[PDB]
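First to last, the protein sequences are chains C and A.
Position in the first sequence counted from 1, then plus 10, gives you the entry's author numbering.
Position in the second sequence counted from 1, then plus 602, gives you the entry's author numbering.
One structure is given here, and the rest of the page talks about it.
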Amino acid sequence: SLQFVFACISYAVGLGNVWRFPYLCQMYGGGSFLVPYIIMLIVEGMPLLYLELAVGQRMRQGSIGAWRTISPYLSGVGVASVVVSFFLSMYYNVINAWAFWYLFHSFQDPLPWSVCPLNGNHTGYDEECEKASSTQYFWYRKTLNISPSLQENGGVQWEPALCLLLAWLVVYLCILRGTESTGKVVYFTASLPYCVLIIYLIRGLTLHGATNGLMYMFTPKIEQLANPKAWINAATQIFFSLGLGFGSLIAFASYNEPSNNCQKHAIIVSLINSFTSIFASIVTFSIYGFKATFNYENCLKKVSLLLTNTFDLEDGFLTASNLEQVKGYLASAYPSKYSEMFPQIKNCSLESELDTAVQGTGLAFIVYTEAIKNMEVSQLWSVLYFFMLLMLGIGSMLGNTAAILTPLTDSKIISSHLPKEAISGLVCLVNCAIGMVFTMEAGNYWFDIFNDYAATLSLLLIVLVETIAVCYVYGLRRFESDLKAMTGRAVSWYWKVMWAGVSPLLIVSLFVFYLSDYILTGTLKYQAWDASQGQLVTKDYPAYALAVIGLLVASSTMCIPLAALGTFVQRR
Amino acid sequence: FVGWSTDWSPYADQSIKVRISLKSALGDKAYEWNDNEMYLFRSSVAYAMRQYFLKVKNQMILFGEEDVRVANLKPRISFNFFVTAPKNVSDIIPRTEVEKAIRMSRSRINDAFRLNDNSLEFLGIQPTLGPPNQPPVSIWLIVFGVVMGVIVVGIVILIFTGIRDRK
Ligand SMILES: *[C@@H]1O[C@H](CO)[C@@H](O[C@@H]2O[C@H](CO)[C@@H](O[C@@H]3O[C@H](CO[C@H]4O[C@H](CO[C@H]5O[C@H](CO)[C@@H](O)[C@H](O)[C@@H]5O)[C@@H](O)[C@H](O[C@H]5O[C@H](CO)[C@@H](O)[C@H](O)[C@@H]5O)[C@@H]4O)[C@@H](O)[C@H](O[C@H]4O[C@H](CO)[C@@H](O)[C@H](O)[C@@H]4O)[C@@H]3O)[C@H](O)[C@H]2NC(C)=O)[C@H](O)[C@H]1NC(C)=O
Ligand SMILES: *[C@@H]1O[C@H](CO)[C@@H](O)[C@H](O)[C@H]1NC(C)=O
Ligand SMILES: *[C@@H]1O[C@H](CO)[C@@H](O)[C@H](O)[C@H]1NC(C)=O
Ligand SMILES: *[C@H]1O[C@H](CO)[C@@H](O)[C@H](O)[C@H]1NC(C)=O
Numbered sequence: 011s012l013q014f015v016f017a018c019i020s021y022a023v024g025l026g027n028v029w030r031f032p033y034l035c036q037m038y039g040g041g042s043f044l045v046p047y048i049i050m051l052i053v054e055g056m057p058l059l060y061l062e063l064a065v066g067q068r069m070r071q072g073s074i075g076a077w078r079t080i081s082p083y084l085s086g087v088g089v090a091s092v093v094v095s096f097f098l099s100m101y102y103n104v105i106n107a108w109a110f111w112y113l114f115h116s117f118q119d120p121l122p123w124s125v126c127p128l129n130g131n132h133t134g135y136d137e138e139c140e141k142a143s144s145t146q147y148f149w150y151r152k153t154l155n156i157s158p159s160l161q162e163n164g165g166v167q168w169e170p171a172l173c174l175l176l177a178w179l180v181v182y183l184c185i186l187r188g189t190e191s192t193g194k195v196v197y198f199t200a201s202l203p204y205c206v207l208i209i210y211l212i213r214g215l216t217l218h219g220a221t222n223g224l225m226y227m228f229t230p231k232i233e234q235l236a237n238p239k240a241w242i243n244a245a246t247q248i249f250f251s252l253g254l255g256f257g258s259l260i261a262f263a264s265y266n267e268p269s270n271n272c273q274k275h276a277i278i279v280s281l282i283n284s285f286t287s288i289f290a291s292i293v294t295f296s297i298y299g300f301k302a303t304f305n306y307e308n309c310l311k312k313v314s315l316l317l318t319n320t321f322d323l324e325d326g327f328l329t330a331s332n333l334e335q336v337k338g339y340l341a342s343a344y345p346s347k348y349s350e351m352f353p354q355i356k357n358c359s360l361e362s363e364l365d366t367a368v369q370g371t372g373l374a375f376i377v378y379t380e381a382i383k384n385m386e387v388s389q390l391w392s393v394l395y396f397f398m399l400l401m402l403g404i405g406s407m408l409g410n411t412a413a414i415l416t417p418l419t420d421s422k423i424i425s426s427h428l429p430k431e432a433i434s435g436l437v438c439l440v441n442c443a444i445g446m447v448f449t450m451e452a453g454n455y456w457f458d459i460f461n462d463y464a465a466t467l468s469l470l471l472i473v474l475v476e477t478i479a480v481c482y483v484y485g486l487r488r489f490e491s492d493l494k495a496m497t498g499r500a501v502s503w504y505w506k507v508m509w510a511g512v513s514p515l516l517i518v519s520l521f522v523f524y525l526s527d528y529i530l531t532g533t534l535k536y537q538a539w540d541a542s543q544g545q546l547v548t549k550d551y552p553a554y555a556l557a558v559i560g561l562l563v564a565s566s567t568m569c570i571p572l573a574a575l576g577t578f579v580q581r582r
Numbered sequence: 603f604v605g606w607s608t609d610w611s612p613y614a615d616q617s618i619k620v621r622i623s624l625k626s627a628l629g630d631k632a633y634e635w636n637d638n639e640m641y642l643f644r645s646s647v648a649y650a651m652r653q654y655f656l657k658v659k660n661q662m663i664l665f666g667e668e669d670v671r672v673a674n675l676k677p678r679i680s681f682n683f684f685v686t687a688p689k690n691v692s693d694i695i696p697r698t699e700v701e702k703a704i705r706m707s708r709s710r711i712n713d714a715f716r717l718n719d720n721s722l723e724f725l726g727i728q729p730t731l732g733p734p735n736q737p738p739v740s741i742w743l744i745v746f747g748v749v750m751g752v753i754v755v756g757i758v759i760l761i762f763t764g765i766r767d768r769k
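So this is what it looks like as structure tokens:
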């Protein structure tokens, strides 16, 4: 019935493809990032997803159990499937906290991101809130209080820490309470995001200069299409959104009937996830193009006002459509006065704004706050959108935490020493203590680091190990025979070829290209807020941050080889 | 510097410059700035001076449209006006009192021309937007406290039920 479809939609629709995807798409030029994602979907999404589902269905065990039954000296990879997920639990719930914050500032008629604060004379506006948008100032100063550079970090901000604590308490409450009622919850917690996205798409398409963002997002610029970073980010994002590497898919498949269809389920899930991500990108980039058009018009109006004031023209004589002609006429009239203010005139174009209108880890929040502030009843839409986003984040965190706790739940020794219910509380407390780091002044930089690297290489390596083990270690013919015995209609040659020599080769090639690009450039830099310029400036990563990122990647990557060496020693 | 300029004068330090943008505040349906609009503006300035001298200094001074002298009119509608004595042109009202008078009755001048504090710039008299009145503290803290209290109560109830089931 429709219950299965709703469950598939809920498993496919998560906070990931709604939040992370627009930010990556804007970072990597829009279409130049969108084109690989579709390419990386039909090549890496469906085949690997179906492989994981088939493995989970056939083995009838958990991730650790399945990867131990496949091979002893490989079982440690299952442990890695927990560690990466743990790292996700380190920071992912932090997003929920931000949502909580943006919810709590949604019951006021003077919305905090709607009106800029006064400078102090009650005569103008703050320089930071004037150079940047009100939403951007609210995000970077009144919400994160971010420092200009990562080197200087202040104390733990108390309000973000309290928001994170509340988010963790809600997560723990949902863990304790919700165990099997989700079948009813799927009836409501799966269609609300689509309705909210439809409403916001309508609002965006009703805004002036909205088609520019859609054109930018669908423009496949070949200049930036060759960047390997775009391919790497697309691959890791699709793996994260589909849940590959985390092992939750295997656990879910182990709970289904042996005769349950898997190819159809995997294809439907992958297509729904891709379509939802594309729809969210469409809405977000429509609003983003609206922002870029507004900034371009404001810049043109400022330039025209300055020229009119300094040359005493008519009020309506100078317009956007005839700016450069008037500039040439003024230069030909008296070049001395024109040159007296020539450096003051700014060259602003749609392309530059669309490239640098709004960027960073909080692109979705800023964009949707801007969209909300141009509504009729702003508070209602703000509450609805933030409630939807918080619900998606809560569902994703519940899934991740269940996937983490399942190997711990299966631990007989741990269960015999402590109550099962206290394990969830201990895990939540430890995760909150670790994630309180992101609540500092410079915690946003650490959040960006753990969003860019805590799942980029680890997921790719886990997927590569899993597909190699399935294709060559266990034996492709044996796996196909087992699947045919279980359900019939053996895998088509397309899936066999993709599992054998397409996906691993593409993963290896992408990893090699990324490593070569990093070695050649050697200039891994992060965006940092600049209040004086009111923009984002690229700054080189410090040594300690690079070492921390390397350690975070290395632990997950070496979790499997270390256990393999241990198993080899035990055998010998 | 050799030469001289035909735009400076010892009394130019008492001049107040006015800049008006009709087609930006009104867009269409905007009147043209002919001599009648200048007469109306001078009458409004004289009225403001009368109001200031009556409501502050308690002096009844009979200003008129001839006592607000205007020069340097430009197609931008940006000129320099200074207010003199009622019949003693050699006497010029100091700029501080003129600025105070304009501040006192700027709303009336804005209303007379259907402009609002941005298309009628006096270049030296900057308006004040107004303090953003604040609730007692805010609403985020109260809602956060209510939500966390409800969450704690629910978690305690769930823990009690689980303990009872395990007992
Ligand atoms: C229309 O408006 C105009 C103004 O725009 C107005 O004309 C003014 O009228 C007044 C009143 O008559 C004039 O003031 C007179 O000045 C006479 C000249 O002698 C003085 O001149 C200088 C004035 O400076 C004053 O203020 C400064 C600063 O406050 C102060 O330091 C001075 O002491 C003085 O009070 C002044 O520089 C000058 O200085 C002498 O002494 C120094 C040494 O200190 C020396 O170095 C100088 O060389 C010089 O010798 C001198 O003080 C003055 O005679 C006169 O005083 C008599 O009359 C008043 C009444 O009018 C009596 O009260 C007083 O006791 C004296 O008997 C008075 O001070 C002003 O100069 C005019 N300004 C202009 C521009 O014209 C018109 O009247 C208005 N018309 C209408 C119809 O309304
Ligand atoms: C506000 O008042 C102070 C007073 O010293 C002044 O320095 C400052 O320039 C004023 N602000 C603006 C925007 O002019
Ligand atoms: C704008 O373009 C002109 C034309 O060459 C150039 O001289 C100037 O540096 C550019 N930037 C600004 C801010 O004017
Ligand atoms: C702005 O402030 C000034 C004094 O600071 C006050 O006189 C004026 O009425 C204010 N204008 C408003 C609140 O519109």
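Yeah, the Cβ is synthetic: ideal placement off N, Cα and C, and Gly gets one too.
For A/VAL647, the enclosing alpha helix (DSSP H) starts and ends at 637-657. Taking 9 Å as the cut-off between beta carbons, the residues of the stretch 653-679 of chain A near chain C are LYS676, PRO677, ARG678, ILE679, in sequence order.
Remark: the C-beta of A/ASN720 is outside contact range of ligand 2, defined as less than 6 Å to any heavy atom.
By the Cβ criterion, the stretch 434-450 of chain C is not in contact with the stretch 205-222 of chain C, since fewer than three pairs of Cβ atoms, one from each stretch, lie closer than 8 Å.
With respect to C/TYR463, C/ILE355 sits apart: the two C-beta atoms are not nearer than 7 Å. With 16 or more other Cβ atoms from the protein chains shown falling within 10 Å of its own Cβ, C/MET56 counts as buried. Take the alpha-carbon of C/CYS173 and the one of C/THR379: they are about 19 Å apart.
Under the DSSP assignment, C/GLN36 falls in the alpha helix (DSSP H) whose first and last residues are 31-37. Contact between the stretch 727-740 of chain A and the stretch 145-156 of chain C is absent, with fewer than three C-beta pairs closer than 8 Å. A direct Cα-to-Cα measurement between C/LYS231 and A/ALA714 gives close to 54 Å. Membership of A/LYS619 in the beta strand (DSSP E) is indicated by the continuous run 618-622. The residues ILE404, in chain order, have a CB closer than 7 Å to that of C/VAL180 in the same chain once the five nearest residues on each side in sequence are set aside. When 7 Å is used as the limit between beta carbons, A/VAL745 is near these residues of chain C: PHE114, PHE117, in chain order. For C/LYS274, the closest of C/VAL28, C/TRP505, C/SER519 by C-alpha to C-alpha distance is C/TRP505. The Cβ neighbour count for C/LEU415, taken over all protein chains shown within 10 Å, is at least 16; the residue is labelled buried. Not one heavy atom of ligand 1 lies closer than 6 Å to the C-beta of A/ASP615. Counting along the chain, the unbroken alpha helix (DSSP H) around C/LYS311 starts and ends at 273-321.
The count of Cβ pairs closer than 8 Å, one atom from the stretch 507-522 of chain C and one from the stretch 116-134 of chain C, stays below three, leaving the stretches out of contact. Beyond the five residues adjoining it in sequence on each side, A/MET706 comes within less than 6 Å, by CB distance, of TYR654 in the same chain, given in chain order. In the DSSP secondary-structure assignment, C/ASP550 is bridged to C/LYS535. A distance of 7 Å or more separates the beta carbons of A/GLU667 and A/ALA650. In this structure C/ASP420 is exposed. Its beta-carbon is surrounded by fewer than 16 other beta-carbon atoms within 10 angstroms.
A/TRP742 reaches chain C at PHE114, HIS115, counting residues in chain order whose Cβ is nearer than 7 Å. About 5 Å separates the beta carbon of C/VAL393 from that of C/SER116, a gap short enough to meet the 8 Å contact definition. Taking all protein chains in view, the Cβ of C/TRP539 is crowded by 16 or more other Cβ atoms within 10 Å, so the residue is classified as buried. Annotation for A/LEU725: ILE618, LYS619, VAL620, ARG621 place their beta carbon closer than 8 Å to its own, counting only its chain and skipping 5 residues before and after.
Of all residues, those with a beta-carbon under 5 Å from at least one heavy atom of ligand 1 are A/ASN690, A/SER692, A/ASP693, reported in chain order. Here C/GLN545 is bridged, per DSSP, to C/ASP540. For the pair C/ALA177 and C/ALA107, the CB atoms are nearer than the 7 Å cut-off.
Chain-ordered, the residues whose CB falls short of 5 Å from any heavy atom of ligand 2 come out as C/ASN131, C/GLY134.
Inclusion of A/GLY732 in the 6 Å shell around ligand 4 follows from its C-beta lying nearer than that to a non-hydrogen atom of the ligand.
Looking at the DSSP output, A/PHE681 bridges to A/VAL620.
7 Å or more divides the Cβ of C/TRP168 from the Cβ of C/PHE148. Using a CB distance below 8 Å, the part of the stretch 124-155 of chain C facing chain A consists of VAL125, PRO127, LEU128, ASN131, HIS132, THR133, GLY134, ordered along the chain. For C/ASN308, the Cβ stays outside the 6 Å cut-off from all heavy atoms of ligand 3. The CB of C/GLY445 never comes closer than 9 Å to any CB in chain A; the least such distance is about 17 Å.
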